[PDB]
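Pasting input-v2.tsv here (TSV, N, CA and C atoms):
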chain	number	residue	atom	x	y	z
E	1	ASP	N	-10.79	-29.96	-96.90
E	1	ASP	CA	-11.45	-30.20	-98.22
E	1	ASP	C	-10.40	-30.68	-99.23
E	2	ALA	N	-10.79	-31.52	-100.15
E	2	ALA	CA	-9.81	-32.02	-101.16
E	2	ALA	C	-10.24	-31.57	-102.55
E	3	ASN	N	-10.26	-30.28	-102.79
E	3	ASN	CA	-10.66	-29.78	-104.13
E	3	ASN	C	-9.44	-29.75	-105.04
E	4	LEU	N	-9.64	-29.57	-106.32
E	4	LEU	CA	-8.48	-29.54	-107.25
E	4	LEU	C	-8.62	-28.37	-108.22
E	5	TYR	N	-7.53	-27.92	-108.78
E	5	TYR	CA	-7.59	-26.78	-109.74
E	5	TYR	C	-6.66	-27.07	-110.92
E	6	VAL	N	-7.19	-27.63	-111.98
E	6	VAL	CA	-6.34	-27.96	-113.16
E	6	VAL	C	-6.54	-26.91	-114.25
E	7	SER	N	-5.61	-26.01	-114.40
E	7	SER	CA	-5.75	-24.96	-115.44
E	7	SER	C	-4.90	-25.32	-116.66
E	8	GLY	N	-5.01	-24.56	-117.71
E	8	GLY	CA	-4.21	-24.85	-118.93
E	8	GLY	C	-4.84	-26.01	-119.69
E	9	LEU	N	-6.14	-26.14	-119.61
E	9	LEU	CA	-6.82	-27.25	-120.34
E	9	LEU	C	-7.22	-26.79	-121.74
E	10	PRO	N	-7.36	-27.74	-122.63
E	10	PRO	CA	-7.75	-27.47	-124.02
E	10	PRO	C	-9.26	-27.20	-124.10
E	11	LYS	N	-9.74	-26.78	-125.23
E	11	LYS	CA	-11.20	-26.51	-125.36
E	11	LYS	C	-11.97	-27.84	-125.41
E	12	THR	N	-11.29	-28.92	-125.68
E	12	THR	CA	-11.97	-30.24	-125.74
E	12	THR	C	-12.18	-30.77	-124.32
E	13	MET	N	-11.63	-30.11	-123.34
E	13	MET	CA	-11.79	-30.58	-121.94
E	13	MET	C	-13.28	-30.55	-121.56
E	14	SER	N	-13.91	-31.69	-121.53
E	14	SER	CA	-15.35	-31.74	-121.16
E	14	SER	C	-15.47	-31.95	-119.65
E	15	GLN	N	-16.56	-31.54	-119.06
E	15	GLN	CA	-16.72	-31.72	-117.59
E	15	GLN	C	-16.61	-33.20	-117.23
E	16	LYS	N	-17.42	-34.03	-117.82
E	16	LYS	CA	-17.34	-35.48	-117.49
E	16	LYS	C	-16.02	-36.03	-118.02
E	17	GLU	N	-15.48	-35.46	-119.06
E	17	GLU	CA	-14.18	-35.96	-119.56
E	17	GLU	C	-13.17	-35.79	-118.43
E	18	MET	N	-13.33	-34.76	-117.65
E	18	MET	CA	-12.41	-34.53	-116.51
E	18	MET	C	-12.84	-35.41	-115.35
E	19	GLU	N	-14.08	-35.83	-115.33
E	19	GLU	CA	-14.55	-36.69	-114.20
E	19	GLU	C	-14.07	-38.13	-114.41
E	20	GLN	N	-13.88	-38.54	-115.64
E	20	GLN	CA	-13.41	-39.93	-115.88
E	20	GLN	C	-11.90	-39.97	-115.72
E	21	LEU	N	-11.25	-38.87	-115.95
E	21	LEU	CA	-9.77	-38.81	-115.82
E	21	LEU	C	-9.40	-38.88	-114.34
E	22	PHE	N	-10.11	-38.16	-113.52
E	22	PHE	CA	-9.79	-38.16	-112.07
E	22	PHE	C	-10.62	-39.23	-111.36
E	23	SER	N	-11.68	-39.70	-111.97
E	23	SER	CA	-12.49	-40.77	-111.31
E	23	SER	C	-11.66	-42.05	-111.26
E	24	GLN	N	-10.92	-42.32	-112.30
E	24	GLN	CA	-10.07	-43.54	-112.33
E	24	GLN	C	-9.03	-43.46	-111.21
E	25	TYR	N	-8.70	-42.28	-110.79
E	25	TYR	CA	-7.69	-42.13	-109.70
E	25	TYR	C	-8.37	-42.39	-108.35
E	26	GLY	N	-9.63	-42.10	-108.26
E	26	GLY	CA	-10.36	-42.33	-106.98
E	26	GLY	C	-11.80	-41.83	-107.12
E	27	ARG	N	-12.74	-42.57	-106.62
E	27	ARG	CA	-14.17	-42.13	-106.73
E	27	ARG	C	-14.26	-40.64	-106.42
E	28	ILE	N	-14.46	-39.82	-107.42
E	28	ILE	CA	-14.55	-38.35	-107.16
E	28	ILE	C	-15.93	-38.00	-106.60
E	29	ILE	N	-16.01	-36.94	-105.85
E	29	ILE	CA	-17.31	-36.51	-105.28
E	29	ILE	C	-18.02	-35.59	-106.27
E	30	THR	N	-17.55	-34.38	-106.40
E	30	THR	CA	-18.18	-33.43	-107.36
E	30	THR	C	-17.10	-32.90	-108.30
E	31	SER	N	-17.31	-32.98	-109.59
E	31	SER	CA	-16.28	-32.50	-110.54
E	31	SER	C	-16.92	-31.63	-111.63
E	32	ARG	N	-16.13	-30.87	-112.33
E	32	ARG	CA	-16.69	-30.00	-113.41
E	32	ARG	C	-15.59	-29.13	-114.01
E	33	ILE	N	-15.73	-28.74	-115.25
E	33	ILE	CA	-14.69	-27.88	-115.89
E	33	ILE	C	-15.19	-26.44	-115.93
E	34	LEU	N	-14.46	-25.54	-115.33
E	34	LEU	CA	-14.88	-24.11	-115.34
E	34	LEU	C	-14.39	-23.46	-116.63
E	35	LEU	N	-15.28	-23.26	-117.58
E	35	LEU	CA	-14.88	-22.62	-118.87
E	35	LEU	C	-16.16	-22.13	-119.57
E	36	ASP	N	-16.46	-20.85	-119.54
E	36	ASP	CA	-17.73	-20.40	-120.20
E	36	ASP	C	-17.51	-19.27	-121.21
E	37	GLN	N	-18.40	-19.13	-122.15
E	37	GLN	CA	-18.26	-18.05	-123.16
E	37	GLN	C	-19.65	-17.61	-123.63
E	38	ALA	N	-20.46	-17.09	-122.74
E	38	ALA	CA	-21.82	-16.65	-123.14
E	38	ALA	C	-22.54	-16.00	-121.96
E	39	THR	N	-22.43	-16.57	-120.79
E	39	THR	CA	-23.13	-15.97	-119.61
E	39	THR	C	-22.16	-15.89	-118.42
E	40	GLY	N	-20.89	-15.98	-118.66
E	40	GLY	CA	-19.90	-15.90	-117.54
E	40	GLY	C	-18.55	-15.47	-118.10
E	41	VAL	N	-17.61	-16.38	-118.18
E	41	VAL	CA	-16.28	-16.03	-118.74
E	41	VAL	C	-15.62	-17.31	-119.17
E	42	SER	N	-14.77	-17.24	-120.13
E	42	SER	CA	-14.09	-18.48	-120.62
E	42	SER	C	-12.95	-18.83	-119.67
E	43	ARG	N	-13.21	-19.69	-118.74
E	43	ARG	CA	-12.16	-20.07	-117.76
E	43	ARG	C	-11.17	-21.06	-118.39
E	44	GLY	N	-11.61	-22.24	-118.73
E	44	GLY	CA	-10.67	-23.23	-119.33
E	44	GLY	C	-10.10	-24.12	-118.24
E	45	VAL	N	-10.27	-23.73	-117.00
E	45	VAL	CA	-9.74	-24.56	-115.89
E	45	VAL	C	-10.77	-25.63	-115.52
E	46	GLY	N	-10.41	-26.56	-114.68
E	46	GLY	CA	-11.37	-27.62	-114.29
E	46	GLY	C	-11.08	-28.08	-112.87
E	47	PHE	N	-12.02	-27.92	-111.98
E	47	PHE	CA	-11.78	-28.35	-110.58
E	47	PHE	C	-12.19	-29.81	-110.41
E	48	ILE	N	-11.73	-30.42	-109.36
E	48	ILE	CA	-12.08	-31.84	-109.08
E	48	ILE	C	-12.06	-32.02	-107.56
E	49	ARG	N	-13.16	-32.39	-106.96
E	49	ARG	CA	-13.17	-32.55	-105.48
E	49	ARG	C	-13.13	-34.03	-105.09
E	50	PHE	N	-12.00	-34.51	-104.68
E	50	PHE	CA	-11.91	-35.94	-104.26
E	50	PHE	C	-12.45	-36.07	-102.84
E	51	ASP	N	-12.89	-37.24	-102.46
E	51	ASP	CA	-13.42	-37.43	-101.09
E	51	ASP	C	-12.29	-37.22	-100.08
E	52	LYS	N	-11.18	-37.86	-100.30
E	52	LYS	CA	-10.03	-37.71	-99.35
E	52	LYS	C	-8.94	-36.84	-100.00
E	53	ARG	N	-8.18	-36.14	-99.20
E	53	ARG	CA	-7.10	-35.29	-99.76
E	53	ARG	C	-6.00	-36.18	-100.35
E	54	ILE	N	-5.89	-37.39	-99.86
E	54	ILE	CA	-4.85	-38.31	-100.40
E	54	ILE	C	-5.24	-38.74	-101.81
E	55	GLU	N	-6.51	-38.76	-102.10
E	55	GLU	CA	-6.95	-39.16	-103.46
E	55	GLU	C	-6.65	-38.01	-104.42
E	56	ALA	N	-6.74	-36.80	-103.95
E	56	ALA	CA	-6.45	-35.63	-104.83
E	56	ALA	C	-4.94	-35.38	-104.88
E	57	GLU	N	-4.21	-35.86	-103.91
E	57	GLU	CA	-2.74	-35.65	-103.92
E	57	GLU	C	-2.10	-36.69	-104.84
E	58	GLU	N	-2.36	-37.95	-104.60
E	58	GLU	CA	-1.78	-39.01	-105.46
E	58	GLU	C	-2.20	-38.77	-106.92
E	59	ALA	N	-3.40	-38.28	-107.13
E	59	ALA	CA	-3.86	-38.03	-108.53
E	59	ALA	C	-3.17	-36.78	-109.08
E	60	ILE	N	-3.19	-35.71	-108.34
E	60	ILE	CA	-2.53	-34.46	-108.83
E	60	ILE	C	-1.14	-34.79	-109.38
E	61	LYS	N	-0.54	-35.86	-108.93
E	61	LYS	CA	0.82	-36.21	-109.42
E	61	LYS	C	0.72	-37.08	-110.68
E	62	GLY	N	-0.27	-37.92	-110.77
E	62	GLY	CA	-0.40	-38.80	-111.97
E	62	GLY	C	-1.14	-38.06	-113.09
E	63	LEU	N	-1.39	-36.79	-112.93
E	63	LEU	CA	-2.12	-36.04	-114.01
E	63	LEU	C	-1.41	-34.72	-114.29
E	64	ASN	N	-1.06	-33.98	-113.27
E	64	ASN	CA	-0.38	-32.66	-113.48
E	64	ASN	C	0.63	-32.78	-114.63
E	65	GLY	N	0.66	-31.82	-115.51
E	65	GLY	CA	1.62	-31.90	-116.65
E	65	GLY	C	2.75	-30.89	-116.45
E	66	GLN	N	2.61	-29.71	-116.99
E	66	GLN	CA	3.69	-28.69	-116.82
E	66	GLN	C	3.14	-27.28	-117.09
E	67	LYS	N	3.93	-26.27	-116.85
E	67	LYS	CA	3.46	-24.87	-117.10
E	67	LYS	C	4.68	-23.94	-117.20
E	68	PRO	N	5.02	-23.58	-118.41
E	68	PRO	CA	6.17	-22.69	-118.68
E	68	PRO	C	5.79	-21.24	-118.37
E	69	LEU	N	6.69	-20.33	-118.61
E	69	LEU	CA	6.39	-18.90	-118.33
E	69	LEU	C	4.97	-18.57	-118.81
E	70	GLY	N	4.59	-19.08	-119.94
E	70	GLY	CA	3.21	-18.81	-120.45
E	70	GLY	C	2.26	-19.85	-119.86
E	71	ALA	N	2.39	-20.13	-118.58
E	71	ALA	CA	1.50	-21.14	-117.94
E	71	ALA	C	0.07	-20.94	-118.43
E	72	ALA	N	-0.40	-21.81	-119.28
E	72	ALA	CA	-1.79	-21.67	-119.79
E	72	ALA	C	-2.05	-22.67	-120.93
E	73	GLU	N	-1.02	-23.07	-121.63
E	73	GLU	CA	-1.23	-24.03	-122.76
E	73	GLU	C	-1.25	-25.49	-122.27
E	74	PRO	N	-0.30	-25.84	-121.44
E	74	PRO	CA	-0.18	-27.21	-120.91
E	74	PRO	C	-1.17	-27.43	-119.76
E	75	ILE	N	-1.13	-28.59	-119.17
E	75	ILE	CA	-2.07	-28.89	-118.05
E	75	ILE	C	-1.38	-28.66	-116.70
E	76	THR	N	-2.14	-28.44	-115.67
E	76	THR	CA	-1.54	-28.22	-114.32
E	76	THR	C	-2.60	-28.48	-113.25
E	77	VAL	N	-2.78	-29.72	-112.88
E	77	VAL	CA	-3.80	-30.05	-111.84
E	77	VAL	C	-3.19	-29.85	-110.45
E	78	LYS	N	-3.21	-28.64	-109.95
E	78	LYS	CA	-2.64	-28.37	-108.61
E	78	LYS	C	-3.78	-28.04	-107.64
E	79	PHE	N	-3.61	-28.34	-106.38
E	79	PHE	CA	-4.68	-28.05	-105.39
E	79	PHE	C	-5.20	-26.63	-105.58
E	80	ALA	N	-6.49	-26.45	-105.50
E	80	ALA	CA	-7.08	-25.10	-105.68
E	80	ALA	C	-7.02	-24.32	-104.36
E	81	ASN	N	-6.19	-23.32	-104.29
E	81	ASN	CA	-6.10	-22.52	-103.04
E	81	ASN	C	-7.52	-22.19	-102.56
E	82	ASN	N	-8.44	-22.07	-103.48
E	82	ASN	CA	-9.85	-21.76	-103.10
E	82	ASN	C	-9.90	-20.42	-102.34
E	83	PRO	N	-10.62	-19.47	-102.89
E	83	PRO	CA	-10.76	-18.13	-102.29
E	83	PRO	C	-11.78	-18.17	-101.14
E	84	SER	N	-12.24	-19.34	-100.77
E	84	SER	CA	-13.23	-19.43	-99.66
E	84	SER	C	-12.82	-20.53	-98.68
E	85	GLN	N	-11.58	-20.93	-98.72
E	85	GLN	CA	-11.12	-22.00	-97.79
E	85	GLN	C	-10.61	-21.37	-96.49
Take the structure in the file and give it back as C-alpha cells.
Amino acid sequence: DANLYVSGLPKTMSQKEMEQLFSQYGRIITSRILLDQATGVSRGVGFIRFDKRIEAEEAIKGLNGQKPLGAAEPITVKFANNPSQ
C-alpha cells in the first residue's frame, strides 16, 4: 500500500488542499486531512494514498518539511506506518 502520513499541518490544511498538493506529484487515489474538533479529535495530520509507492516516495521528498524536538508545528509527510498494515 502507498499511504502517507503528513503531520504538523496548520489549521488551514484543507482535505482537498492536501489533494491538490499531492495530486500534482501523481494522480492520488484517496486523500483527506485527519483533524476534527466536535465528534472525534483534533488530529491536524493528513494522509495521502498514492496509487504506486514510488509516487508517494518521490512526493514525500518534494513535500516533507521538517520537525524539531517539538515535532508538530512544521510539516512532515512521512509514510504512515499504519496500525493495520
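CA of residue 3 (chain E) to CA of residue 48 (chain E) spans 5.5 Å [interatomic distance, one decimal].
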Give me, as a compact mmCIF listing (two decimals) with N, CA and C atoms, keeping the file's coordinate frame, all polymer residues having an atom no more than 9 Å from residue 51 (chain E), counting only C-alpha atoms and skipping those fewer than 3 positions away in the same chain.
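Listed below is the output, selection.txt:
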# COMPACT_ATOMS: atom_id res chain seq x y z
N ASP E 1 -10.79 -29.96 -96.90
CA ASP E 1 -11.45 -30.20 -98.22
C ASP E 1 -10.40 -30.68 -99.23
N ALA E 2 -10.79 -31.52 -100.15
CA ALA E 2 -9.81 -32.02 -101.16
C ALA E 2 -10.24 -31.57 -102.55
N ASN E 3 -10.26 -30.28 -102.79
CA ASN E 3 -10.66 -29.78 -104.13
C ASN E 3 -9.44 -29.75 -105.04
N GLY E 26 -9.63 -42.10 -108.26
CA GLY E 26 -10.36 -42.33 -106.98
C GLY E 26 -11.80 -41.83 -107.12
N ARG E 27 -12.74 -42.57 -106.62
CA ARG E 27 -14.17 -42.13 -106.73
C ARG E 27 -14.26 -40.64 -106.42
N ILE E 28 -14.46 -39.82 -107.42
CA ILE E 28 -14.55 -38.35 -107.16
C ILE E 28 -15.93 -38.00 -106.60
N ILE E 29 -16.01 -36.94 -105.85
CA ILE E 29 -17.31 -36.51 -105.28
C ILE E 29 -18.02 -35.59 -106.27
N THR E 30 -17.55 -34.38 -106.40
CA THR E 30 -18.18 -33.43 -107.36
C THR E 30 -17.10 -32.90 -108.30
N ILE E 54 -5.89 -37.39 -99.86
CA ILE E 54 -4.85 -38.31 -100.40
C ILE E 54 -5.24 -38.74 -101.81
N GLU E 55 -6.51 -38.76 -102.10
CA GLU E 55 -6.95 -39.16 -103.46
C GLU E 55 -6.65 -38.01 -104.42
N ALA E 56 -6.74 -36.80 -103.95
CA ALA E 56 -6.45 -35.63 -104.83
C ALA E 56 -4.94 -35.38 -104.88
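Each of E:65, E:46, E:70, E:83 was compared to residue 7 (chain E) using all atoms listed in the file, and E:46 turns out to be the nearest.
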Would you kindly return, as a short mmCIF file (atom, residue, chain, number, x, y, z; two decimals) with N, CA and C atoms, in the frame of the given file, each protein, DNA or RNA residue with an atom no farther than 5 Å from any atom of region 75-81 of chain E, considering all atoms listed in the file and excluding same-chain residues fewer than 3 positions away?
data_model
loop_
_atom_site.label_atom_id
_atom_site.label_comp_id
_atom_site.auth_asym_id
_atom_site.auth_seq_id
_atom_site.Cartn_x
_atom_site.Cartn_y
_atom_site.Cartn_z
N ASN E 3 -10.26 -30.28 -102.79
CA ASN E 3 -10.66 -29.78 -104.13
C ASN E 3 -9.44 -29.75 -105.04
N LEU E 4 -9.64 -29.57 -106.32
CA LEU E 4 -8.48 -29.54 -107.25
C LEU E 4 -8.62 -28.37 -108.22
N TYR E 5 -7.53 -27.92 -108.78
CA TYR E 5 -7.59 -26.78 -109.74
C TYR E 5 -6.66 -27.07 -110.92
N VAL E 6 -7.19 -27.63 -111.98
CA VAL E 6 -6.34 -27.96 -113.16
C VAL E 6 -6.54 -26.91 -114.25
N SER E 7 -5.61 -26.01 -114.40
CA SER E 7 -5.75 -24.96 -115.44
C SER E 7 -4.90 -25.32 -116.66
N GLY E 8 -5.01 -24.56 -117.71
CA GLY E 8 -4.21 -24.85 -118.93
C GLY E 8 -4.84 -26.01 -119.69
N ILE E 60 -3.19 -35.71 -108.34
CA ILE E 60 -2.53 -34.46 -108.83
C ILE E 60 -1.14 -34.79 -109.38
N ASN E 64 -1.06 -33.98 -113.27
CA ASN E 64 -0.38 -32.66 -113.48
C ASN E 64 0.63 -32.78 -114.63
N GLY E 65 0.66 -31.82 -115.51
CA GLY E 65 1.62 -31.90 -116.65
C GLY E 65 2.75 -30.89 -116.45
N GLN E 66 2.61 -29.71 -116.99
CA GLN E 66 3.69 -28.69 -116.82
C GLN E 66 3.14 -27.28 -117.09
#
Applying 6.5 Å and all atoms listed in the file, which residues near residue 15 (chain E) remain after dropping the ones on its own chain fewer than 5 positions away? List them as a list in words.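 Close residues of residue 15 (chain E): residues 20, 31, 32 and 33 of chain E.
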Leaving out residue 36 (chain E) and any residue of its chain fewer than 2 positions from it, which residues lie within 12 Å of it when counting only C-alpha atoms, given as a ChimeraX atom specification? /E:11,13-15,32-34,38-46
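Here the residues within chain E that DSSP labels alpha helix (DSSP H) on the basis of the backbone are residues 15, 16, 17, 18, 19, 20, 21, 22, 23, 53, 54, 55, 56, 57, 58, 59, 60, 61, 62 and 63 of chain E.
Going from CA of residue 59 (chain E) over to CA of residue 73 (chain E), you cover 20.1 Å.
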Quick one: axis-aligned box around all listed atoms of region 82-85 of chain E, 8 Å on every side, centre and edge lengths in Å to one decimal, written as AutoDock Vina command-line options.
--center_x -10.8 --center_y -20.1 --center_z -100.0 --size_x 20.8 --size_y 19.9 --size_z 23.0
Coordinates-based distance that separates CA of residue 18 (chain E) from CA of residue 35 (chain E) (Å, one decimal):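 Rounded to one decimal, the two atoms are 12.4 Å apart.
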Just the strand (DSSP E) stuff from chain E, please, per backbone DSSP, written as JSON, numbers by chain. {"E": [5, 6, 7, 28, 29, 30, 31, 32, 33, 34, 45, 46, 47, 48, 49, 50, 76, 77, 78]}
